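1. got a sequence here, can you model it:
(one chain, ligands or ions: 1)
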Amino acid sequence: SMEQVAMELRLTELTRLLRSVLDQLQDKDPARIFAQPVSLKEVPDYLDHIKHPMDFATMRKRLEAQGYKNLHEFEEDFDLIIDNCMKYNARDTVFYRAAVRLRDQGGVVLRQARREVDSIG
Ligand code: NA
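-> Residues are numbered from 1 along each chain as shown. Structure as follows:
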């Protein structure tokens, strides 16, 4: 049906919008601390600490697989990146501090992306 082609032409724009948003968020981590998944070879016990790992490349693979149905799912993943880091790492570390900074600077990008999703449907 054509009614599925109109749905696919919207998901394809959402996927096109979410790509810009992901790029803007990832520019707030110039140290690339959140670029890749935490290595299980380097942190063997990680999954004892954190049940749902998340990172930017993992979000990206999903994204290009049109796996985000909406902005709320995309946000959830972003928030995991931040909250996982803030549990696993102590307050006086470079990792925890990078998340605090990513959260603070990522808010401005997400406050406007909310309006652009609602605005353009
Ligand atoms: Na902690």
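
2. please count neighbours and contacts with C-alpha atoms only from this point.
-> Will do.

3. residues contacting the closest residue to residue 66 other than its chain neighbours?
-> Nearest non-adjacent residue to residue 66, counting by CA to CA, 6 or more residues apart in numbering: residue 15, 6.0 Å away. Neighbouring residues of residue 15 by CA atoms under 8 Å, 6 or more residues apart in numbering: 63-64, 66, 68.

4. biggest separation within the residues you listed, which pair?
-> For those, the farthest-apart pair by CA to CA is 64 and 68; their separation is 9.2 Å.

5. give me the three-state assignment for the closest residue to the ion within the chain.
-> Of all residues in the chain, residue 87 sits closest to the ion, at 3.9 Å by CA to the ion. Following DSSP: H, G, I helix; E, B strand; the rest coil, we place residue 87 in the helix state.

6. how much space separates it from residue 28?
-> Distance of residue 87 to residue 28, given as CA to CA, to the nearest Å: 20 Å.

7. now do residue 92
-> Going from residue 92 to residue 28 by CA to CA gives 20 Å.

8. and residue 16, by the same measure?
-> As for residue 16, its distance to residue 28 is 20 Å (criterion: CA to CA).

9. same question for residue 4.
-> Taking CA to CA, one finds residue 4 at 36 Å from residue 28.

10. and those two? Which one has more around it.
-> residue 28 (17 against 9; other CA atoms under 10 Å).

11. and that one, what is it in contact with?
-> 101-102, 105-106.

12. got the buried residues for the helix ranked longest in the chain?
-> When the chain is parsed with DSSP state H, its longest helix is helix 94-120. The neighbour-count check on helix 94-120 (16 or more other CA atoms under 10 Å) flags 95-100, 102-103, 105-106, 110, 113 as buried.

13. in TSV: these, plus distance to the ion.
-> Formatted as TSV, the buried residues of helix 94-120 follow (distance: CA to the ion, whole Å):
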residue	distance to the ion
95	11
96	9
97	12
98	14
99	13
100	13
102	18
103	17
105	22
106	22
110	26
113	30
